[PDB]
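Note: ideal-geometry Cβ built from the backbone for every residue, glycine included; neighbour counts use all protein chains shown. Every read-out reported here was derived from the displayed coordinates using simple, explicitly stated rules and does not represent laboratory data.
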Amino acid sequence: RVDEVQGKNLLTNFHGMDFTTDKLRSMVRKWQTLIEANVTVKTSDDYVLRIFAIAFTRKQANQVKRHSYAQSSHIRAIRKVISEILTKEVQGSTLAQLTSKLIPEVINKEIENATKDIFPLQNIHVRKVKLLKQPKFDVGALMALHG
Amino acid sequence: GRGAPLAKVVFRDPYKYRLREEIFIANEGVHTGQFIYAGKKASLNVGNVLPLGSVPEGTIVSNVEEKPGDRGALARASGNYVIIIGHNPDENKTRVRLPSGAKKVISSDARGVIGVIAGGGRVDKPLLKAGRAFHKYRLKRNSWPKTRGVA
Amino acid sequence: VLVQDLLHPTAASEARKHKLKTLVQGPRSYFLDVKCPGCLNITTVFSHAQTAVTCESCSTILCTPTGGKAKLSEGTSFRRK
Amino acid sequence: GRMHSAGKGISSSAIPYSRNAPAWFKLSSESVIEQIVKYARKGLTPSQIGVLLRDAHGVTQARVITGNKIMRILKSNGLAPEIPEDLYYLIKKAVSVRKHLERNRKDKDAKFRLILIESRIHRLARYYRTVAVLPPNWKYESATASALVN
Amino acid sequence: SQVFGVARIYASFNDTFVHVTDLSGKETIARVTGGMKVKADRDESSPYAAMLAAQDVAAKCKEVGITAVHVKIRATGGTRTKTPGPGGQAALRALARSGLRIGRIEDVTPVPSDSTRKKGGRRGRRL
Amino acid sequence: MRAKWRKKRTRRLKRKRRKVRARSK
Amino acid sequence: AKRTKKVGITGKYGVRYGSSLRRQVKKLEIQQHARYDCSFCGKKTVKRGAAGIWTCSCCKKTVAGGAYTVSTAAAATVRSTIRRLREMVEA
Amino acid sequence: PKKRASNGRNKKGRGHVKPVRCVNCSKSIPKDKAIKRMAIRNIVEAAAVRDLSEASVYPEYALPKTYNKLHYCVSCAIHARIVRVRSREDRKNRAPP
Amino acid sequence: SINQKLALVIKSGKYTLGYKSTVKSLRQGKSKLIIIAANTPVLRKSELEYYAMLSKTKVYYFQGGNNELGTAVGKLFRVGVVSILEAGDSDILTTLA
RNA sequence: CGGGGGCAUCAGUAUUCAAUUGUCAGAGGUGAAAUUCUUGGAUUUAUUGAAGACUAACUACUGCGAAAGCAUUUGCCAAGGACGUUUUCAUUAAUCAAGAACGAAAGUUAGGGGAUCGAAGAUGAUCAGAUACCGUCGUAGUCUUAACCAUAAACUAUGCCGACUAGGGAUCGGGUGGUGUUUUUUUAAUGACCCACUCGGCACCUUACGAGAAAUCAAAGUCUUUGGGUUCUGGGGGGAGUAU
C-alpha cells in the first residue's frame, strides 16, 4: 500500500503476501493429505496480522502404496507445531524483519525441521499473510525503510 | 406501570458522610447483596455500569446514555439491549445498534450497564382478558378502550 | 488340502495363527523378571503389563503401558521367566 | 456378539491349559491371599485386584494359585461390595450420561446411548435378582442412582 | 526499460472484456470490451471480436504511454463456470502481437470455499 | 397416469369428501 | 387421579379464550409457578413474586430474571458473551 | 433388473454423500455419482505460445497452467464427454484411457 | 479421581459433615482436611479458611455445589463442608487433596 | 481410532448489498432473442464495510454412526467400536406381539434471521395453443431457537443371531515379529515406510463346487439328499391403500 508521497515519488510499505493460483493450485494433487493452519497475532510494533500456512504429506522413498494420507491426529499435531512456530517467529521484531524472514523462507525450514518427527510432510509454504490492523502512520518509521 | 424490575443500589457519598440510594433498572442476573462497580476503570461484569469507550466491540449493555450525563436513555424496557458494534477512537465515538435495529453513533463517554434488562419475554403471554388489559393500563395512562374511529 | 493332519499341525503353521484359533488355545504372552541396576532384587513383570510397574524399593518405573506389549523403560535387564 | 451394537469382535483372554502352577512361581497361597485382602482394603474391585496382581507380582490367575476367584476371597473375608462390580460400573455410566444429558439436552445421541445403557442395567439387575445376590424388588431408579454409586 | 500496466481480461460466455489499468489497479486506460466491435449479440464472445477489441485497446495503450502489460485472465467464477470463454485466448494473442510487451501472466478466477446455492434448480437448467 | 399424481388427486378427493361430510355432522 | 387430559393448569379458564391461546398460557404459567433451584444455597426454593423478580425462601436472596422463567435464553448467552469478552481482557 | 452392481456409483458404506452441482446444467448430483475430470491446460493454446514467448521479457517465464475439476451429471456427460455406451461386457472395465 | 478418594474415607475412615461439627474439629485439632463445597457463602468459607490456618490444617475446595458434595460422601442430603477426622486407608492426605 | 454426537469458538474465499475511486457505451441472457439495468455512468476496475448461508480443491469402490446422517480451526463435555489382555462375573444370552427412543426433505406453530437459490405469483419469448421447458423479478420456504409431523426408490428394492464351504490381491483401524529402509548427534530413540502374520471393518476381482426362471449370487450356497434359532410379510390383475 502506498503510504507517503514526496514529490513524484510515492513510497510504500508491506501490505501482504499471497500465492499465485497456478502455484497454489498445482500443489493440491490427489491421493495425499492437505494441512492448513493460520494464526492471528501481533508483532513488535503493533501490526496485527493473520499469517497462514500449508503442508502436504508425501511418500517416503521406499513406499509402495499409492497415497500416504496422514491419520487425523498427525494433522492436529502438525497444526499445533506449525501454529507454535508461527507465533514464535512473529512477536519478534516487526514486519521489516518478518519480510526479511519471508523472502529467504526460513519459516518453511523450521516447520520441516520440527514436523519431520511426526510425518514426512512435503511442500511446506506460508501461502499468505494479511494485514488486519496497522498501528499508526509513523512517518519516521516509514522512511527508515527508504534510504 | 413498568415491566422491568428495579434495583435500589446504595452508594457511599464521596464528599459527605452519608449514603446515596440510586434506583437502577435491574439487569438480568443481578441479586440483592451484589457489589456493583460504577465507573471508568470498573470491570466488564454483569451489573457494572461502564462508559462505552471502555468496553470491547460486541459488549451487550443496556440503560445506555445518549449524551454523557443524561443518566440513561436507550435500551431500557424489559428484555432489550444495545450492541456496541464499533469504535472510532479519534473524535471519540462508538457505533451501537439500538433495539429497533437502527444504528446510532454516540459518545464514548456515555455509560451503560452490562447485560440485558430483566423481566424479558414478558409479552409472549397472551392477556386473554379485557380485565388484564384493564389492569395493565390502569397503572400507566388512559387509553385502554379506544373505540375505532370508523364507528 | 483334502487330506491333512488336523491333529498334528506343523509348528510354523501354528505360530502364526490367532491365539484363539490354534488347535488348543493358549496365550502368546509371557512374564519376565526385571532388575533395575540401582537396586538388587528382581520383580516379575507381565509382558502386556498395563500399569506403570515401579521397582519395589526405588519406586521409579519399569514399564509404561501401550497398545499391546509393555515398553521397558530403557534402563533395565529382563529375562523371560 | 455385542448385544447393543453390530460389532463382531473376538478379543479376549486365552486362558492357558494348565490348571496348576507357575513352577517358576515363588511364595505360596497365603501371601497372595494376604495381598488380595490388602488391595481390597484400598477400594479396588476384583478386576483391578487381578490386574494389579497379574502385572506387578507375577500372579497368573488367582483361581490357579489360590483356591478361589477373587470375589470369593473378598466375600469370605468380609469385603465384597453391596452391588456387584459390573452393575456398579453400568450404573456409574448411566449417572454420567444423565449428567451430560441435563447439560446437553440437544444431544439425541446421548439420549439413545442412555436408553442402551439403562436397558443393559435392567437385564443385569434382573439376572442378579433371579440368582438373588440382589434383594427382590431392588430397582435401579434414575433419581437415587447418583448417590447409590458413591 | 518498459512501463507496465495490468490487462484484466475477463472472457465469459456472452462477452469478453479487455481493459488495462494502471499498475495500482485504480486508474484505468483503454477500456474497450468485446461486444463494442460487433453488434450481432451472439458474436460478442467470439474470438474475432476479442481480437478487434484487443487491437483497439493496444492502440489506446500505446498512445497513452503503456508499453508493457501484466495480464490477468479471468472467468466468471463464483457459482458460475470457472472456465474462461472463447475470446480469452485470442485477445491475449491479439494483445501480444500488436506491439505490447507481456509479463507475468496469471489466472484470477474468483473461486469459493464453496458458498451460496448455484442457480438452476435441483433438476437443473434442462432444455 | 403417474402414481404420485393419482396419489395427489386422491388426497384432493378425500379433502373434499371430508368437507362435504363435515357440513352434515 | 389424573384429573384433566391436556388443559393442565389452564383448566381454570374453562371453555373460553381459544385453545391455541390457552396453550401459550399453559407454557408460561407452568414456568412462572414452578420452583427453581437457588444458585446460592442449592435449595429448590426460588419462586417468582412479580414479573422479573425471583426470590428464594431460605437465604432470602432475590435475583432479577425473566418474566416467567428465572434465566431467559437471551440473557444466558449474554452472560457467556461477557464472560468470553472479559477473558480477552485479562489474557 | 440391476444394470450395475454399483448402482449409480460408488456408495457402499455411507448411506448419504453430499451432492455437487453439474457444471453444465446445475443439476444436483451426488459427489460420488457425478463424473469427475480434472482439466489441466495452459492459459495459452499451442499456436499462441510462439508469438507470446516472442512478446515477453523474462524468457518464456513459466508457461503457467490452469486447473479445475469438472463435475458433470450423467445426462450432460453422455451428451458430450464420456459416453459412447459400452456393451454389457465392456461395461465392467474401469481402466480410463 | 477425587470422588473415588472420598468414597473410601466414608467407608473406611472417620469424618464429620456439616459446618458446626467441622469447626468443632478445627477447635480440637482433630481435623486432617476440610473439603468445602463451591456454593458455600463466602463468609462461611472465609472463617473455615481462618480456622484452618490457626490449626495448620489443609483446605481442599470441591469442584461443585453442596448438592454434589453430599453425593460424593454417599448421602441424600446436601453437605457444605466435610471434615476428614481420620484418613483410613485412603490417600487424600498424601495426594494433592 | 473416527468427517460419531452436543455446546461454545475460529477461519476461508465466494455471493448479494453499500461507500468512495477510475474510465466511457453498452451490459445481461440465449439455440437465437426479448423483458431488464444503463450520463441516475450500467457492465468492468481498485480500497473498505455489513449480512446470512455454505465449508470447494484435499475427497477415494476411503472413515464414523442404529438408521436418518456426518467434511474449516480450537476447547470442553460425555459416548462408542475394533484391538490388546494368563483381569473380572459366570449363562447373565438370541430373536421379538404390545410398548418406547431416534427419524432426510417438504410441511405446521411462535420468535430470530432473511445473503443466495426459490413451490406460488408476475412477467419475456417459444408454440397451433404453452396455465411448460428457456430468461428476468420474487413470496412462503431455505438458516436458527422451542414444539409438532413420522413419511422417502428411508434401497443393498436383500430381517437379525450362529456354524460351515474358494482362490486372490489391494485398503482402513489395532496388535506381534524383523542382527529391514529413512530422519544424525555419534550410536541411538520415536514417527513414517517395507516385508511377513494376525484379528475386526468397507469393499473388490476370478471361478463355480453350489444356487437360481434368468439377470445374476461367497451368498441369493450348505433345499424334493427338503428341519440351526427366531421375527415380520405375501397369495391372479383391478376395484384400492378406496369406503367405513
Charge tally for neighbours of residue A:118 with beta carbon under 12 Å away, counting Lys, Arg as +1 and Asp, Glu as -1, is +2
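To one decimal place, what Kirkwood hydrodynamic radius in Å is obtained for segment D:26-80 from all pairs of distinct Cα atoms?
10.8 Å
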Given Cβ charges of +1 for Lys and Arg and -1 for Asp and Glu, the option among C:65, C:42, C:76 whose Cα lies farthest towards the positive end of the dipole of chain C is C:65
Based on the Kirkwood radius over alpha-carbon pairs, what is the Stokes-Einstein translational diffusion coefficient of segment I:1-86 at 10 °C with 1.306 mPa s viscosity, in µm²/s?
-> 127 µm²/s
Work out the length of the dipole vector of segment D:81-150 about its Cα centre, built from +1 on the beta-carbon of each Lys and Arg and -1 on the beta-carbon of each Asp and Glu, and round it to the nearest 20 debye.
-> 360 debye
Those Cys residues of chain H for which no other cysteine Cβ falls under 4.7 Å = H:25, H:76
Quick one: net charge of residue C:21's neighbours, Cβ under 13 Å, K/R +1, D/E -1?
-> +3
Sorted by chain and number, the residues with a modelled amide H under 5 Å from that of residue I:33, at a separation of 5 or more or across chains, are I:84
Expressed as a whole number, the average count of other chain Cβ atoms within 10 Å around the Cβ atoms of G:19-28 is 2
If one builds a Gaussian network model of chain C from Cα atoms under 10 Å apart, the most fluctuating residue listed among C:21, C:69, C:35 is C:21
Ranked by GNM mean-square fluctuation in chain B (Cα springs under 10 Å), the top entry among B:81, B:137, B:15 is B:15
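Please report the relative contact order for chain C, taking Cα pairs under 8 Å with a sequence separation of at least 6, and give it as a percent rounded to a whole number.
Computed value for chain C: 24 percent relative contact order.
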Compactness summary of the protein assembly as shown: radius of gyration and Dmax from Cα atoms, Å, are 39.1, 111
What does the helix-only formula give at 222 nm for chain D: each DSSP H stretch with n ≥ 4 adding -39500 (n - 2.57), the total divided by the residues, and the result rounded to the nearest 500 deg cm²/dmol?
-> -16500 deg cm²/dmol
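Could you tell me the calculated FRET efficiency between residue A:99 and residue G:76, based on Cβ-Cβ distance and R0 = 51 angstrom, to the nearest 0.05?
0.65
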By how many degrees, 0 to 90 and rounded to 10, does the Cα axis of helix A:74-89 deviate from the longest principal axis of chain A?
-> 20 degrees
What spacing in nm lies between the two simple spin-label points modelled at residue B:40 and residue H:54, each 7 Å away from Cα in the Cβ direction?
-> 7.4 nm
Chain E - percent relative contact order, Cα under 8 Å, separation 6 or more = 28 percent
Ellipsoid semi-axes in whole angstrom, largest first, where each is sqrt(5λ) of the Cα gyration tensor of chain C = 37, 12, 9
How far is the Cα center of segment G:29-91 from the Cα center of segment H:46-67, in Å?
-> 70 Å
Charge tally in the Cβ shell below 11 Å around residue I:84, where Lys, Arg are +1 and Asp, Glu are -1, residue I:84 excluded = +4
Among B:95, B:132, B:111, residue whose mean-square fluctuation peaks in a GNM of chain B (springs only between Cα atoms under 10 Å) = B:132
Label point 7 Å out from residue E:123 along Cα-to-Cβ: which residues of chain F have amide N under 19 Å?
-> F:1-9
Once label points are set 7 Å from the Cα along Cα→Cβ at both residue D:106 and residue F:11, what is their separation, rounded to one decimal in nm?
-> 3.1 nm
Estimate the FRET efficiency between residue H:79 and residue A:69 by the formula 1/(1 + (r/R0)^6), using the beta-carbon distance for r and 45 Å for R0, to the nearest 0.05.
-> 0.80
Take each of the peptides G:62-69, E:25-32, average the number of other beta-carbon atoms within 10 Å over its residues, and list them starting from the highest.
-> G:62-69, E:25-32
Per-residue average of other protein chain Cβ atoms inside 10 Å, peptide G:76-83 -> 6
Pairing the Cα long axis of helix E:47-64 with the longest principal axis of chain E, what angle in degrees results, from 0 to 90 and rounded to the nearest 10?
-> 40 degrees
Please give, to one decimal in nm, the separation of the simple spin-label points placed at residue B:57 and residue B:132, each 7 Å out from Cα toward the Cβ.
-> 4.3 nm
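What FRET efficiency, computed as 1/(1 + (r/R0)^6) with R0 = 22 Å and r the Cβ-Cβ distance, is obtained for residue H:37 and residue A:122, rounded to the nearest 0.05?
Given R0 = 22 Å and the Cβ-Cβ separation, E is 0.30.
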Gap separating the Cα centres of segment E:1-69 and segment D:67-107, nearest whole Å | 79 Å
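If we sort B:43-51, I:14-22, A:109-117 on the protection proxy, mean other Cβ atoms within 10 Å, highest first, what's the order?
The packing order, highest mean first, is B:43-51, I:14-22, A:109-117.
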Average beta carbon contacts from partner chains per residue of H:50-59, 10 Å cutoff | 5
May I ask for the angle, rounded to the nearest 10°, between helix G:19-32 and the longest principal axis of chain G, with both axes built from Cα atoms and the value confined to 0 to 90°?
-> 50 degrees
Top positive-direction residue, dipole computed over chain D with Cβ charges, set D:115, D:135, D:45 | D:115
If you place +1 on the Cβ of every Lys and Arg, -1 on the Cβ of every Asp and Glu, and leave all else neutral, what size is the dipole of chain B about its Cα centre, to the nearest 20 Debye?
-> 920 debye
In terms of the Cα gyration tensor, with a ≥ b ≥ c the square roots of its eigenvalues, is segment A:26-105 rounded because a/c is under 1.5, prolate because a/b exceeds b/c, or oblate?
-> prolate
Projected-area average for segment E:1-74 over all orientations - Cα convex hull basis, square nanometres = 4.7 nm²
Kindly list the residues of segment D:128-150 that lie in the label zone of residue D:69, defined by a backbone N under 17 Å from the point 7 Å along the Cα-to-C-beta vector.
-> D:128-134
Taking only Cα atoms of chain E, the Rg to Rh ratio with Kirkwood Rh works out at 1.04
